[PDB]
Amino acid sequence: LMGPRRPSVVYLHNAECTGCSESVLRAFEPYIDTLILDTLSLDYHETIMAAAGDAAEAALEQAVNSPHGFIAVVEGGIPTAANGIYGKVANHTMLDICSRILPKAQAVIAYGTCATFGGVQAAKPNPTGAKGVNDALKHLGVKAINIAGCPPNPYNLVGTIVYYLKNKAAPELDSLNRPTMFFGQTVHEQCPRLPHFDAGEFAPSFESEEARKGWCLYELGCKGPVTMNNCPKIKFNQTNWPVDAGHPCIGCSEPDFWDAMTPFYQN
């Protein structure tokens, strides 16, 4: 799967919806073909790899044990209730898999709010005892770089990997272990509706003429003021982002947002 030349990436899927994997396929300049063929060696990824079953497990083993080292990118939370049985691959629990592989990586990136902070399956009452990677594996010394969002901007993943490959180190990280170069500003301070906010001009409903005219969505629940992400700047798919589509920010790059930010349509 790899050797010298391209750095090896092992991509793991835990308790996830595959939205994070899909976000990476939306990679733009560079595109995912450039990334898979020229930048990196994607040596394990269950969504797109050719091998299955035992052949897939052997590819993983091959990749993790390589003397050249590997970077791990992790999607999804780790179910820990009942000894991890709510999530298994190859009849091993996700907890066990991550416990064994992640301490061997040269670097670990937790990609998406599920892997960084626990995410949707960790929302109350958290029946599977889902945890973010760093929470789950604290005791083994794992310190993943957290790239949050549901899903994150793929610009942020590629940017982080490129930094690491250039500098052989993580970029500056905030107190939630997120790169400051992407998560240093609130959504709100970057938002085109901030003049309306400042003027106290709020849409009272989605049907209102105030909404039509692009007034601030705070009264309709917008979590922009309490959410750290680069959405208004980079946008998504090179063309839009939630508030420009008329909908409040739901706070999706923040820990426990499912419980902290709800009800989504209230402030």
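When you see a residue number, it is the position in the sequence shown, counting from 1. By rigid core we mean the largest C-alpha set that fits within 1.5 Å across both forms.
The stretch that moves more in 8 other deposited structures of this protein, judged by CA deviation after a rigid core superposition and choosing between 256-264 and 3-11, is 3-11. In this entry, the higher average B-factor at the C-alpha atoms falls on 165-173, of the pair 165-173 and 188-196. Stretch comparison (228-236 versus 48-56) by mean CA B-factor in the PDB entry places 48-56 on top.
Residue-level inspection of the entry shows that, of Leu137, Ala123, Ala72, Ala115, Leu137 has the top Cα B-factor. Ranking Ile36, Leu220, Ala27, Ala211 by Cα temperature factor from the entry places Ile36 first. The entry lists a Cα temperature factor for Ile78 that places it in the lowest third of the chain's modelled residues.
Annotation for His92: CA B-factor lies in the middle third of the chain's modelled residues. In the PDB entry, a CA B factor belonging to the highest third of its chain's modelled residues is recorded for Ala107. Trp241: CA B factor in the lowest third of modelled residues in this chain (values from the PDB entry). Ranked within its chain, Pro152 lands in the lowest third, by CA B factor from the PDB record.
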